[PDB]
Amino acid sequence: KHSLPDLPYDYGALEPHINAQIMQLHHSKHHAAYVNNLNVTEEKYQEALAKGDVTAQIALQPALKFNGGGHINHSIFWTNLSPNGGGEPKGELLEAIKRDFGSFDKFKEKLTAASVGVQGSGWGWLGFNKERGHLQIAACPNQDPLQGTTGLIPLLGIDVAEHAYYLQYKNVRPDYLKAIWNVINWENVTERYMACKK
């Protein structure tokens, strides 16, 4: 049974970058809904599978991917943020950044452009290519998870669904991306990097 993870900080810890109302809604409503729906879909899958009901299994895919994906991405998202975050990362991660993207700023530019570029709901990710052994930016529609659909390992994710910023920034998604860099938990990103560079 999948469960809703506690936020690692206070709902208002990311102020003024991401206000409290959003965080609380995002976590207690949006993410909680993914987990509940995921658990429901997964149980139906267990049944379809045991029955060899291929039709049901296939019918269940949209919900499995959307909700499962939602749980995956949001669980990562919370740890990617921190009230003590901001600035730039250090050591290897940074080294890989200035390398795979030129400079930190060129990296921020590229991730932001990828996030603002998403038409409709989606996510902008900083991932790691294990086959190529290097960093790589990608965008996923709706809740499709990075690894499950691209094979890339998620390091830093930026949710651009409107529920992630609309109450505070309205239609101006750019102001949102601008502000979020102030709360990036580079410690966690660094951690995720070193984890797949083993």
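All residue numbers are counted from 1 along the displayed sequence.
Between 43-51 and 161-169, it is 43-51 that carries the larger average Cα temperature factor according to the deposited entry. Averaged over their C-alpha atoms, the temperature factors of 26-34 and 130-138 are higher for 130-138. Ranked by Cα temperature factor within the chain, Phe77 sits in the lowest third according to the deposited record. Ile184: CA B factor lies in the highest third for its chain, per the PDB record.
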